[PDB]
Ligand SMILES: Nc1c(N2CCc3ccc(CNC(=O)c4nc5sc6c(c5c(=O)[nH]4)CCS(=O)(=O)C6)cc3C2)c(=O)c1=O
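The chain that follows stands alone, in the form deposited without the ligand, written as structure tokens.
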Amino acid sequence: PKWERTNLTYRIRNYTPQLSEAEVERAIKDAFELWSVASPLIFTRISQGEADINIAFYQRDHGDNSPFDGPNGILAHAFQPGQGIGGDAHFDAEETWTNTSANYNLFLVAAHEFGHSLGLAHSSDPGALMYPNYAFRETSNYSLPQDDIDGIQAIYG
């Protein structure tokens, strides 16, 4: 399942109150950039209305038949390319969200979720971004591991 147009739109529907609105927007922006530098896809922010990729923070039962589970465990989930819920990414509102090494770094989590949003499945490489379990990595000069580049190149490359 892959997107048919190169220019995709996204919307942040709501926020977490543990970080400034600036810092949530920056984490989402930089997460999309990681995939933009390794594919033809171009990502455009909208403020209101219906975008290709809806981003939201939600708790327990939230309308999609995949409920969240409260503190820790499942951190987020994203749907594959398609109409409607296709491509949308949901983040567990009950987590502590950070811009640091402390559980859990919103940039790193969103980076992984957006891979799903674009057609990727999980990787068996423990050093990949698309590995099933969360692991902190120094974020200052973060770029995608080579495994994830191979991933998006096989789809859109």
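We number the residues from 1 along the sequence you see.
Missing here is the form deposited with the ligand bound; even so, the following discussion is about that form.
Pose source in the bound PDB entry; superposed partner the ligand; site open or blocked by backbone or C-beta within 2.4 Å | Blocked: when the ligand is placed as it sits in the bound PDB entry, 3 or more of its atoms come within 2.4 Å of backbone or C-beta atoms.
Any non-hydrogen atom of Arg13 within 4.5 angstroms of the ligand in the bound PDB entry | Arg13 lies outside the contact set for the ligand.
State yes or no: in the bound PDB entry, is some non-hydrogen atom of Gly49 no more than 4.5 angstroms from a non-hydrogen atom of the ligand?
-> The answer is no: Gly49 has no heavy atom within 4.5 Å of the ligand.
Distance check, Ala135 to the ligand in the bound PDB entry, heavy atom within 4.5 Å = So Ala135 counts as contacting the ligand.
is_contact(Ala27, the ligand) in the bound PDB entry, heavy atom dist at most 4.5 Å = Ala27: no, not in contact with the ligand in the bound PDB entry.
Contact test, all of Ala31, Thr44 and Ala56, partner the ligand in the bound PDB entry, heavy atom 4.5 Å = Answer is no for this spot.
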